[PDB]
Asks: 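I have a structure here, written as structure tokens, and I will follow up with some questions on it.
All heavy atoms count here, side chains included; hydrogens, waters and symmetry mates do not. Each chain gets a letter, A, B and so on, in the order its sequence line appears, and its residues count up from 1.
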Amino acid sequence: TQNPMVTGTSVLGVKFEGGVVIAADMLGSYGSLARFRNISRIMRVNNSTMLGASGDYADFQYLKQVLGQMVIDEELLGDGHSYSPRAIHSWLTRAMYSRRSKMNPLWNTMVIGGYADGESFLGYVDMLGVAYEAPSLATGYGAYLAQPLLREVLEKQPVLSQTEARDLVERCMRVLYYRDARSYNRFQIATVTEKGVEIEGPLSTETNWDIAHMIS
Amino acid sequence: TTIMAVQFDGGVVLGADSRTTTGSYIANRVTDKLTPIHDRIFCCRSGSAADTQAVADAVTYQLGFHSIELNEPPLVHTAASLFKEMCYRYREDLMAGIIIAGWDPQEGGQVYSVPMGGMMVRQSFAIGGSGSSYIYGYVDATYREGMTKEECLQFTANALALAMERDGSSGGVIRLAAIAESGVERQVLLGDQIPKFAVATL
Amino acid sequence: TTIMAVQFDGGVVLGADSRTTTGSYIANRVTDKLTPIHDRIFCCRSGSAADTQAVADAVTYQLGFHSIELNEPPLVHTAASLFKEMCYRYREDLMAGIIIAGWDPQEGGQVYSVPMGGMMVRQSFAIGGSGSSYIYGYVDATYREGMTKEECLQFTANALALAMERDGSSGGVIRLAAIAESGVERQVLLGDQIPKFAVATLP
Amino acid sequence: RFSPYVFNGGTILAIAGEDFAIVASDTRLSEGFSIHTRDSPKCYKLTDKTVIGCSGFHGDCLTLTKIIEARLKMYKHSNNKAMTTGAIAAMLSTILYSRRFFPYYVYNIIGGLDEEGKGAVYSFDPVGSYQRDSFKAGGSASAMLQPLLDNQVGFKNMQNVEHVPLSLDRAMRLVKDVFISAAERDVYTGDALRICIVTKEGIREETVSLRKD
Amino acid sequence: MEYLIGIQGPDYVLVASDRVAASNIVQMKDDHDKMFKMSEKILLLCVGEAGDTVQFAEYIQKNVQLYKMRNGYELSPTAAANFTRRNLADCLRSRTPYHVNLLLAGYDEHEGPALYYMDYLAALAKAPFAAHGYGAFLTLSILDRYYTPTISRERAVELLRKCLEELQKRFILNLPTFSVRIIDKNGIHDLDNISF
Amino acid sequence: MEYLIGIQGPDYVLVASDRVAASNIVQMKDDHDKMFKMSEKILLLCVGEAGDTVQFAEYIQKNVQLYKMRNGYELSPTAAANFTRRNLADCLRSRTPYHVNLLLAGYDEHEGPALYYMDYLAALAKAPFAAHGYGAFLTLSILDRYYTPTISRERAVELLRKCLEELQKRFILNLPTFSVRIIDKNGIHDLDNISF
Amino acid sequence: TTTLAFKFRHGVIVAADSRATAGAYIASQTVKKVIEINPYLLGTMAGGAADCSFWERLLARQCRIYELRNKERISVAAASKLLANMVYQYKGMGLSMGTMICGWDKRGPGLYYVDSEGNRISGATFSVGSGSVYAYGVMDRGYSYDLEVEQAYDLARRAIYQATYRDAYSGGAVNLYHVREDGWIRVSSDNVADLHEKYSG
Amino acid sequence: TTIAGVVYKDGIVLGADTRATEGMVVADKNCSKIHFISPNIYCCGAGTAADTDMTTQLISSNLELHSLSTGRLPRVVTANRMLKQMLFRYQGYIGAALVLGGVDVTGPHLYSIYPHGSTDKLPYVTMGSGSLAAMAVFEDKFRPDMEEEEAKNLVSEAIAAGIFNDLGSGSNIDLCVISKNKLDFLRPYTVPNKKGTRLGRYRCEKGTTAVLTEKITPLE
Amino acid sequence: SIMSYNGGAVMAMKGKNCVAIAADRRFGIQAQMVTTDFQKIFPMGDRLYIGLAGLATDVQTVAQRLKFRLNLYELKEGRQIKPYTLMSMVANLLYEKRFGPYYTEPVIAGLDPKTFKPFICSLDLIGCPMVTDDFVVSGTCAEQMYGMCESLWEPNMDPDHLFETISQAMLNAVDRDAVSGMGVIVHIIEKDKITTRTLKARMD
Ligand SMILES: *[B]([O])([O])[C]([C][C]([C])[C])[N]C(=O)[C][N]C(=O)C1=[C]C(Cl)=[C][C]=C1Cl
Ligand SMILES: *[B]([O])([O])[C]([C][C]([C])[C])[N]C(=O)[C][N]C(=O)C1=[C]C(Cl)=[C][C]=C1Cl
Ligand SMILES: *[B]([O])([O])[C]([C][C]([C])[C])[N]C(=O)[C][N]C(=O)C1=[C]C(Cl)=[C][C]=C1Cl
Ligand SMILES: *[B]([O])([O])[C]([C][C]([C])[C])[N]C(=O)[C][N]C(=O)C1=[C]C(Cl)=[C][C]=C1Cl
Ligand SMILES: [Cl-]
Ligand SMILES: [Cl-]
Ligand SMILES: [Cl-]
Ligand SMILES: [Cl-]
Ligand SMILES: [Cl-]
Ligand SMILES: [Cl-]
Ligand SMILES: [Cl-]
Ligand SMILES: [Cl-]
Ligand SMILES: [Cl-]
Ligand SMILES: [Cl-]
Ligand SMILES: [Cl-]
Ligand SMILES: [Cl-]
Ligand SMILES: [Cl-]
Ligand SMILES: [Cl-]
Ligand SMILES: [Cl-]
Ligand SMILES: [Cl-]
Ligand SMILES: [K+]
Ligand SMILES: [K+]
Ligand SMILES: [K+]
Ligand SMILES: [Mg+2]
Ligand SMILES: [Mg+2]
Ligand SMILES: [Mg+2]
Ligand SMILES: [Mg+2]
Ligand SMILES: [Mg+2]
Ligand SMILES: [Mg+2]
Ligand SMILES: [Mg+2]
């Protein structure tokens, strides 16, 4: 892709004790047009790993196709080795760098969440092959609006329960709906734990419009 | 932005969404885009926030002075002509898509469009801003001659809700105003009060 | 262009305007933008006339061969995937906004959007082309779950008529098709048969 | 105009002693006016005797360090010994030049022990020009660090000062001070300072806190 | 392309300039003079864009002469250099900037000899020697190598000659002849041209 | 910037070229030779872009020599000029065009003397006299004025000298010395350099 | 950068400064700009640091292969031509290199200028780099084929020094070499701040 | 820059960071971004530093002329009109992005003012390169009618969110609290960042620096 | 960059009851040094100096036009200008050219003409003032200067120690900058005297 077409906005991620949660709205925007209002931007990769994608949705679909086939191929062998969240993150890093280095990027920014061997994994990969790990992540406008909130909570309390991480993600999704002109109030939350990957939705946040009467 | 106004027998209904954007950042989620120009004359503003506020302030000034000199309420057509004169003259330096609507004792309820470029045309109803694209078909199919005030309010709220759902540059709350001889009635639809249409699941 | 398709229980309805333009010259006022890809699978075409014709011809060929090999009617999802694969791979060289709709015995009536860029998504109803901007509101307000075939035909004709009135790039006649297990039924609305809504003149 | 580069910040430093080498970096990873993470160090262990610092475009930092890792194993396999510090440096020059027409956007400094056990520092430009130095700063705050090192390690512009050998404990003090000064003024340098001390006993690690704004 | 050089000794300033006026690939004049007499003990040497050079130099010249007529005595070299500067700087951001590079040479009864350098941006520097043009690139290091503050006038003419011979040898342009003048307590003296 | 000139008489061709190799504002060599011996009775004179000029001239030279070794006799001037042209033209729309301008001078046992002109586009013209370089602008009219087809070799050297003097007088570039050679039935003869 | 070289009765003097720059940032004051290709051949560097070092190292490799294959020292002409032919292919791609190849072979003292624009020329004296115009002035006013050895060292040293003074992109130290019939020798390395103390109008 | 304001029960709280940058280099660690307009009106500035300084000084001065003449305390609406009409006239070339807050006869009022001359009257606003970080804090925690200490807590948290997440922001948090009864100009309010302490000493004794020339000139 | 055309560096620094101001001495045009004694620091008072780095022509014009204003100010008022007031005067002069500025970024160093309290500041090219309690820097090696100043400067230094610190900060900073140097000048300002020194410095 040279020119993204239908795109998705922010993806959030935060580690908790026993797992990771990611969130993304269900909107594919076409410029300013909220065109496709019911698409999932989250993928279950395998039992330990999930992926969320911002940017060009067709490029995301292609990655889903490629990565889904790679896990199938590995499952065919039935040999006791599975791609860890970290391995998938590495593979993605290479794939994005390689596409960048041919001047033909996949136009996406992604969040990989996982749980393997008692460790939570959260990692970021962008269209240029920039990748890293962190206790919380937020792409797009999420980096400006969500991430400050995530990091401020994580400083007062680095270890969050599942229900605390989930309340915190809901608060961030609300702020994004207030302040990002490409968001939509219909989202999914995906969780990975010991038990595997669960994707919930469609979800909505409550909103408050009291300020409409305080033109102050 | 999405803006709209509709004539009824004895008055007008105006509406707007409430979103101000810089890029895709929402700088104000509860903007009041319906601005009083005189006691029974409003403008709905779309385009540049700075340009439309400056022009509205200047026309409020001109119209107020004119009205004191004549010692009578101003004509809605006069307010519209003042907008037009300024938007046409400075069309190369302004980005302003305006609807002027109000009531006067000579011609009753009136709606005027002053789109970008500075032409002026009277209409039964007018829509403007970026979100208006998404509701041409809706309003063309739904408009009926002889609607009551209450039907005009419903028609306007529905149209604006549909536009706000689809236009990234529109959103927030719906602000409505009704103008008639008896005065101006303003209200806000927020949250669950905004008309709702289901997303189409398989 | 305005194109549209709608699922009903047992099939699909498709529609298109009939206008081909170069600049603001109408090079064809009665274009057929709904093209058969197999017995019960059509595509509606918007964007570049050359690109969409080439891609439709190539898919027809791929799907026809696939269908003989399998000795079974093709899946609508397969036709859509073939369109997608070609529209995604060549997204930098194509201007094609496609709707794939049809019937097969496994999944019944189905509608797929393949917009520019080459994503694919199944929908209850789809709209595309330049004129589709003007009917988002209309379709969002008017769509009802569980519409009959005849209601889907009326809904489609109304939507297209509204778009054609407003979009300079859409116009002419409305071409409709209904696809179901029993086959394909095609018709044209022209002149006075096109739904009409008054221009809102001053009281 | 897709751009294949972005600047992600980062300051690197190395110092050669008589029987040690220091490679230090801040741990901030930035982009635009944002911080990606506060815990992304710019140093990578190559052998027991050699550490490399890399800053610049992080996509290239990651790729290049993975290429270096693969080439060290290849060298060991064909030659039956670990690559020396000097050979790593000469190799890296060639890897950087292979991209002369689409460069790695990376500033590299190698710190390690040479074959007599003495400290060795090699500094590089992005396309592979290099040389051996006594000390060197690189990256975002290099222009802030280098003059102080010139003065205090090189003894430049000072009269009537004994040119003593650089102890480990003075070099450490210097390292911490220059980073604390850089964090004051370079918006990209912050969060934490990571120090690797290479000696004949191995490689040890200190970390010190830096300003978070 | 134009060459100017100045060398200031203890009680004189020596100056020289090429005598070419060129256009496209031809020398159109081989006896051109780039020096303007401002006063009995002041030369302005001016190069740069066509039209701007004469218009600027002559304006300054006429205004320096006017000062003399109004006041009965002359501007000092330093005052003339600063006057020149103020005009050039004041025009820099105007509708009529002058694209000129200059040396100003002078002898003052009380300050002695002075050489001033100015570029088109109107930065002014006093210097013991200086040069303008592409030719300066090949000759300034010859001046750094051999100049001393007490250089006699015979040795300054020799040093000048070394610079001019270096242009013959090494410079791509055909600059075969140079105007030479000296300023001292007794005014402005024409020396013989240095030719090749 | 580089000057080539050729003058063809009844039984000889006289050629000359400047001896400057320049870079930016400096002459870096003053005894440069722009002539390549292709055979006993053929000179190729080549100017143009750095790298292209020598690579192209030497490729041709080697191939002309190779023809001699394969065949036992030499290419004629005409055949060498056409070979030269084919190569230049064939490269013109390739990935490796050569930006060179050339004279080819020769004496053939049966056709007599010949002078050929070629530009970088690879247009080839036979001519009784010709020149390349900016210098050509100032000298071609001198050749049109005084050349005759029966010009003797002594008079051709004088005419050449008038052209070179005109460059000294009127041309903006410093070209102080020239290589001179003459080709006849007895081969290639070096004449004295014409220097200033 | 300022580099220079000249042939004279006693061989070839080769000298350079030692500054590198990244824009106006001084990146080093200790660059070795004279490369030892073999014990009878030197190359100088000016332009792009990576380009010069890569291509001159490659020249060194090739001269050594040549010597192994042919059982004789490569000539100065041949070495300079190997470099010219290697860089020619890259014209227009933005290589920046200006080199002197300096030796003593069966034709005696040898000196060739070679650059990334495609020039290759023999000559008696050259200076290359951003400070070359300054060095040319001093070198030219002092040069003679019949310079004594120590006079020649003095000239080279002074010319580079004067270039460091005028040219913002030249500085550090003066590094001086002498190619003699039995090999080059490194003559001296003098800091420009120590040379300033000493010199000399 | 991160600047912000909030309307609380009894007034206005304004906030700001104290970093100024030139390129991506900190030029001032302790820049004062909360500007006096009148005894009851202050104005935070973001954008081009000379323009925020000069624009607020000019309007403060013209407002002083206005109040001297009326004998009354100025109104916030007045500062707003004056600032916006000037910024509109300059078409966005005066790069002042402002948070204007005060308390007047009609009570507390808060406005954000943009360089092209648009203004929005709102109960909480933010500007600068850290404005989204500070806005996220406000959306998450603002309540109407907060008490004084709650509102101060909230504005400092919002400024802190800019300081720590925005490379254009840093150093201290300054506040200004304005009510009918009081003006508290709290500079600094908080010092969340500090230079580390120096581990070595570079106390260079006399004669370390070689000297070429010296001249003493005695004064009175 | 317009500001690197002539190169140059200035800095000022505060001690106990004293201030220091320093500058390189190079006047050059791009790569070419033209002179090595170019004045960049100018007396605006007995105990108040302004240093200007940037485009040499504007260094000179801003110094001169500032002097014009100051002289008129002093004749009209009773008195020597205060340091803070000079800053403001300079701010006003620069901002008048907000839409076609002088390309110079001055530093001011002085003692209050009545109290002798230390004052230092700098301004940007359009007149934004910055007062500090330690040091200020301006020129083409600002980053180098920041690095030296941040590492060396300490509170309440005596005249001898302030001299050493400003000197070492300047010399080492300019030694990493191709278009600054060729000499450094330093003025120490005390109640009772001004001390002016040129430093031993690299000349490449
Ligand atoms: B609507 O046309 O989308 C809306 C209507 C205005 C009248 C409120 N327009 C905008 O939001 C356009 N935005 C701006 O003019 C703007 C706002 C801000 Cl906060 C800063 C810069 C700009 Cl250019
Ligand atoms: B519709 O998208 O407006 C319509 C649909 C096509 C599929 C029939 N598209 C066009 O009319 C676009 N026009 C062309 O591609 C065209 C037509 C002609 Cl006749 C000549 C050149 C071009 Cl580019
Ligand atoms: B000299 O030509 O001025 C010098 C010669 C080399 C051999 C050192 N050249 C340079 O200093 C040019 N600079 C660089 O090539 C360079 C580039 C970059 Cl991207 C970073 C650092 C340096 Cl040093
Ligand atoms: B903040 O908006 O990022 C801040 C506000 C000012 C009031 C401190 N702005 C900046 O730091 C932007 N920088 C400057 O205006 C500036 C520009 C120039 Cl050209 C020189 C110096 C400074 Cl301090
Ligand atoms: Cl959808
Ligand atoms: Cl999934
Ligand atoms: Cl508004
Ligand atoms: Cl409009
Ligand atoms: Cl409009
Ligand atoms: Cl909104
Ligand atoms: Cl039609
Ligand atoms: Cl077919
Ligand atoms: Cl589409
Ligand atoms: Cl479409
Ligand atoms: Cl060295
Ligand atoms: Cl070989
Ligand atoms: Cl040669
Ligand atoms: Cl000498
Ligand atoms: Cl207002
Ligand atoms: Cl003035
Ligand atoms: K919306
Ligand atoms: K139409
Ligand atoms: K920092
Ligand atoms: Mg095509
Ligand atoms: Mg910060
Ligand atoms: Mg002009
Ligand atoms: Mg070529
Ligand atoms: Mg405007
Ligand atoms: Mg320097
Ligand atoms: Mg130098």
Asks: Does D:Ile203 offer a backbone N or O that forms a donor-acceptor pair with the side chain of D:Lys49 under 3.5 Å?
Replies: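 Between the backbone of D:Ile203 and the side chain of D:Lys49 there is no qualifying donor-acceptor contact (under 3.5 Å).
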Asks: Under the ring-ring contact (aromatic ring centres under 6.0 Å, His included) rule, collect the residues that match up with D:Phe135, sequence neighbours excluded.
Replies: none
Asks: Using the ring-ring contact (aromatic ring centres under 6.0 Å, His included) criterion, which residues pair with A:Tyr141? Sequence neighbours excluded.
Replies: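 Result, ring-ring contact (aromatic ring centres under 6.0 Å, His included) vs A:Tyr141: none returned.
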Asks: Under 3.5 Å, is there a donor-acceptor pair between the D:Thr85 and D:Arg132 side chains?
Replies: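 Absent: no donor and acceptor within the cut-off.
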Asks: H:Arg187: what forms a salt bridge (charged side-chain N to carboxylate O under 4.0 Å, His left out) with it, not counting sequence neighbours?
Replies: H:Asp174
Asks: For the CD1 atom of D:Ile88 and the OH atom of D:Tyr122, what is their distance to the nearest 0.5 Å?
Replies: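 OH of D:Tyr122 is found 10.0 Å from CD1 of D:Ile88.
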Asks: Mind jotting down which residue pairs meet the salt bridge (charged side-chain N to carboxylate O under 4.0 Å, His left out) criterion with at least one end in residues 33-46 of chain D? Sequence neighbours excluded, please.
Replies: D:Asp26-D:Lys42, D:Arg38-D:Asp191, D:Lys45-D:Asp48
Asks: Mind checking what makes salt bridge (charged side-chain N to carboxylate O under 4.0 Å, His left out) contact with H:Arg203, not counting sequence neighbours?
Replies: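 Here the qualifying residues are I:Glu154.
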Asks: Can you name the salt bridge (charged side-chain N to carboxylate O under 4.0 Å, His left out) partners of H:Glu157, sequence neighbours left out?
Replies: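 Applying salt bridge (charged side-chain N to carboxylate O under 4.0 Å, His left out) to H:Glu157 gives H:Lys141.
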Asks: Taking the side chain from H:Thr18 and the backbone from H:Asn172, do they hold a donor-acceptor pair closer than 3.5 Å?
Replies: yes
Asks: Do D:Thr189 and D:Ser140 meet the criterion of a side-chain donor-acceptor pair at a distance under 3.5 Å?
Replies: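 Distance-only check fails for D:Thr189 and D:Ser140.
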Asks: Could you list the residues that satisfy side chain to side chain contact (heavy atoms under 4.5 Å, CB included) with I:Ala53, not counting sequence neighbours?
Replies: I:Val10, I:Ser138
Asks: Which residue, D:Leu149, D:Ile195, D:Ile109, forms the side-chain contact (heavy atoms from CB on, under 4.5 Å) with D:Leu13?
Replies: D:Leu149
Asks: For D:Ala21, check side chain to side chain contact (heavy atoms under 4.5 Å, CB included) against everything at least two apart and list the hits.
Replies: D:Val198
Asks: Whether the D:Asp125 and D:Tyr107 side chains hold a donor-acceptor pair (N or O, under 3.5 Å, no angle test) is what I'd like checked.
Replies: no
Asks: Do any side-chain atoms of residues 57-66 of chain D form donor-acceptor pairs under 3.5 angstrom with protein atoms, and if so which ones, sequence neighbours left out?
Replies:
from, atom 1, to, atom 2, distance (Å)
D:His58, NE2, A:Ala131, O, 3.0
D:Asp60, OD1, A:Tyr97, OH, 2.6
D:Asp60, OD2, D:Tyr105, N, 2.8
D:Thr63, OG1, A:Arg94, NH1, 2.9
D:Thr63, OG1, D:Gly59, O, 3.0
D:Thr65, OG1, D:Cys61, O, 3.1
D:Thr65, OG1, D:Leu62, O, 3.1

Asks: Considering residues at least two apart in sequence or located in another chain, which fulfil the salt bridge (charged side-chain N to carboxylate O under 4.0 Å, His left out) criterion with I:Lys14?
Replies: I:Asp133
Asks: Quick one: ring-ring contact (aromatic ring centres under 6.0 Å, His included) partners of D:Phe33, sequence neighbours excluded?
Replies: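 If we apply the ring-ring contact (aromatic ring centres under 6.0 Å, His included) test to D:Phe33, skipping adjacent residues, there are no hits.
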Asks: To the nearest 0.5 Å, tell me how far H:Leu199 CG sits from D:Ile180 CD1.
Replies: 6.0 Å
Asks: Taking side chain to side chain contact (heavy atoms under 4.5 Å, CB included) as the test, write out the residues that go with D:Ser30, two or more places apart.
Replies: D:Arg28, D:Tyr188, H:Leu167
